[PDB]
Every structure is written in C-alpha cells, then in structure tokens.
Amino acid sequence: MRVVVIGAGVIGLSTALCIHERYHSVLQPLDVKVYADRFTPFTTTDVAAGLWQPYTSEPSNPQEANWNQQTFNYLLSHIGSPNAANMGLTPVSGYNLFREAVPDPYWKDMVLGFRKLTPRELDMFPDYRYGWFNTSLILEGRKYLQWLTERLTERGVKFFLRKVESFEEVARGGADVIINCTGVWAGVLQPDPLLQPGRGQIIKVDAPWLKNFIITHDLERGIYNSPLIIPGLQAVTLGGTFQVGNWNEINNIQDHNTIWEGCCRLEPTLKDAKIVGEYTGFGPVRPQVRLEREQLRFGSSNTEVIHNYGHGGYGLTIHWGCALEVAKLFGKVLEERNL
C-alpha cells in the first residue's frame, strides 16, 4: 500500500503522521511518502499568527465544530509534556474585543475560562465596549512543522521536494492512495471554484513584554480585518488584513499601514518594537473544508484520492480533527481492499 501525501503544511504533515501512527503497526507493507514543492519555512502554515481560535460564527458543517474541539483537546493534552514548547505549543491568555455586544461564540466551552470582560478590563482598551477573555494555546506553525517532520522522518516517512502536475502522474508512478493537502493551490490539480485565496499580511515584531493575545473585531469588515496582536514563542505577530480573492503574494503599503497604525493604536508600547519581518500568505478560503474520498481511474486500476483542503484562517485550529477523519477514511479504503 503506497500512500503519497501531497503537501507539507500543517494539513499534510499532520495527516501523514496520523495515518502512519494509526496503521504502521497493523498494515504490512505500508509506505507513506510526502511530496510537496515547498517545505517549512516556505509554506502558508509558516506565516500563520499561531493561535487556536475558530471563527466567531459557527461553521456550516457541524463536523467542523467537532474537529476544532478534537484539535483543542489534542493540543491541550500535551501541555505538561517536556516537549510542548519544542512542538511550538504554549498556553496563552487573551482578549477578544468588540464595539458592541455580540453573542458568545460556539467554542466558548472548548477554551479554558471563557468569560465576558468587566468594565475595569475594558478601560485597557478605550476604543472598544464589549469583549471576552479566555485561555487558549499558541501553536507556532514553523516550529510545529519542524516537529512534525522530525517525527515523520524518525518513523521512516520519506520526503520529496517535487511539484505535482496531476493526480494522474502520482497514481501512474505507484501511489495506491493520494492524500490531497495542497491548501490554496488545490485548484491547479482539480478545478474548485469555491476555493479562494484569503490574503493575509502580517508584521512580525520583537516585543517580548507582550504576554497576552488581543484580537479586535470589526463587524462591518469581516473576520481579521481589524487589528490583532498574537504573542509567539520568540516574536509577536501583528495583523489586521484578510482579503478574499486577492492573489498578490507581494506585501503592499496600505496593508502595512493598516496593520501598523491599527496595532500601534491598540498597543502603543509597540513604538519601541523592532520589526523582524513582514509577510503575506494565502489562507485556503472555502465555504467548508473539503475532506472527502474520490475515485480516480487511470491505467489498470483505481487510485483513491482523499481531499483535505480549504481550512481558511483556521488550519492550525482545526488540523487534528481533520487528520483523524482522513485516517478513518483511509481505513475504509483498506477494508474495501481486503487489507
């Protein structure tokens, strides 16, 4: 059984590990390989702000809420581990800030200690009038990918830096099963008109005094088009743009200004923060995650493709639930093949 995972961001690597950890002991032979044309530090995953938090509105698929919860439970369960920080993980507490009252989010009980903010709390943030406080987890994309690749490599999973031109070519080269974890670029391999780039630009800063996340929301402008500040393990991420349908991979000047001015207003101690980097990435925006089996029919038998893409601005937040479900679907494939 030859499995080729296409993609080496959070989705592909986590899925590869989940599959290997699940079946390595019971299925012989099992060959899992990862193909991708970008590894860390060059994926979208690497640019992510690094916070566990789903969107503020519930998902269309109720499956997705459970996948987020399963991911939170997975990550939280590492917290007393000696390797938590080496995985990119640490607990962080923080603020979600609004101009008016809004309903509690669906994930209020998944996180730790959720509550509304008190009036004394809000005076820290004069431009806002209502909010939440909770504890969540930082999962730093870059570190987590480094961790996942060490885990995979240790287990004998081989990596190939390879641009895939078609599923057909990978099937013809010997894959029995393909896991399609190509993120925003999935449409190249099979058109998908629901998949769009969520263009996000960030400024990375050394401001190690900042210990709490602070996410503001502008109801008139859509999620993450409002100042956000997320402390990472070694730097702070400043954000505030998330524009659907913009394919420009170059940083631009108005977005730099939106982020810097917005964030320096939220947190004016940033006047002394040294700029580390400025970066643009494309979230794989889609009305819902595509996670499903498809049969392909080239040559002299079928190759199964299992899609796992379209996680938008919440790929780190949802990844593990998605990985588990793919491994389950892969199990259904093995059963259909009398393995």
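So that there is no doubt, residue numbering starts at 1 and follows the sequence shown.
field: Mean temperature factor over C-alpha atoms, higher-scoring stretch between 95-103 and 70-78
entry: Result: 95-103.
- request: Between 119-127 and 235-243, point out the one with the higher average CA B-factor as the PDB entry records it.
  value: Mean CA B-factor is higher for 119-127.
field: Among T45, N302, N308, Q53 - the residue whose C-alpha B-factor is largest in the record
entry: Highest CA B-factor of the listed options: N302.
- prompt: Which one, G200, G173, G183, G88, has the peak C-alpha temperature factor per the PDB entry?
  reply: Top of the list by C-alpha B-factor: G173.
- request: Compare the C-alpha B factor of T135 with those of the other modelled residues in its chain, then answer lowest, middle or highest third.
  value: Lowest third, going by the recorded CA B-factors of the chain.
- prompt: Within this chain, which third does the Cα B-factor at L30 fall in: lowest, middle or highest?
  reply: It belongs to the highest third of the chain when residues are ordered by C-alpha B-factor.
message: Please say which third, lowest, middle or highest, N248 falls into when its CA temperature factor is compared across its chain.
response: Ranked within chain, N248 CA B lands in the highest tercile.
- prompt: Which third of the chain holds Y314 when residues are ordered by C-alpha B factor: lowest, middle or highest?
  reply: CA B-factor rank for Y314: lowest third.
- prompt: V276's Cα B-factor: lowest, middle or highest third of the chain?
  reply: Ranked within chain, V276 CA B lands in the highest tercile.
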